[PDB]
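Shown here is one chain on its own, the form deposited in one PDB entry, set out as structure tokens.
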């Protein structure tokens, strides 16, 4: 199977360069083009440019000339994109993709994307708080939650009972207020099962090495 392995999220300071890898496997690296695509959060796809690792030749979207530099290393089957003198305009997910050069000219396999945040602000761990119903009877189902507050940068992940509670889960998109993110996650279980069986949110913020478990306990 064809696969493109990209690196995880990066927080970089304004004015610096960031170089990100795209490690190809499962096919002949020198027979296909690698293209790069930018996506700002909640926005559309924008083509950056492409490299043919066979020859080292490139083409670019005019907008990205002298912002993006594409290279490739044949011996490691890795393509790189370097962004120079970054600004908050460069904060986006960047995908690499295999382009079936010479036949379809279509991007048939895509990496998972490298999320770049360009900010001078410091990495901050989240505070994790339980959301349990008030001690005053609020039917057959109960909704619980986890408030994940005051972290930077993205992402955090939230699971319930280490992934074993999967249904009835809503994890909300993070919102940015004053250079800090907040999100919440909701989970709904039969009101017979809680609190007799335990419900715990498992929060991870890899950038600050945070791995927290918050047990939801009934109030009073």
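Numbering follows the first chain given and starts at 1.
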Neighbours in the displayed sequence, residue 138 and residue 139 may still hide a gap; how many deposited residues lack coordinates there, none, 1 to 3, 4 to 9, or 10 or more? 1 to 3
Which is higher in the entry, the mean Cα B factor of 168-176 or that of 44-52? 168-176
Quick check: 90-98 versus 122-130, which has the larger average CA B-factor in the record? 122-130
Can you tell me which of 39, 186, 69, 161 has the maximum CA B-factor listed in the PDB entry? 161
Out of 104, 114, 78, 117, which shows the largest CA B-factor listed in the entry? 104
Chain thirds by Cα B factor, record data; residue 203 belongs to the middle
Entry-reported C-alpha B-factor of residue 35 relative to its chain, by third, is lowest
Chain third (lowest, middle, highest) by recorded CA B-factor, residue given as residue 153: lowest
Could you look up the Cα B-factor of residue 61 in the entry and say which third of the chain it sits in: lowest, middle or highest? middle
By the record's CA B-factor, is residue 3 among the lowest, middle or highest third of residues in the chain? highest
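Unshown form deposited in another entry; subsequent notes refer to it.
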Rigid-body rotation between this form and the one not shown - hinge position, chosen from 133, 120, 60, 170: 120
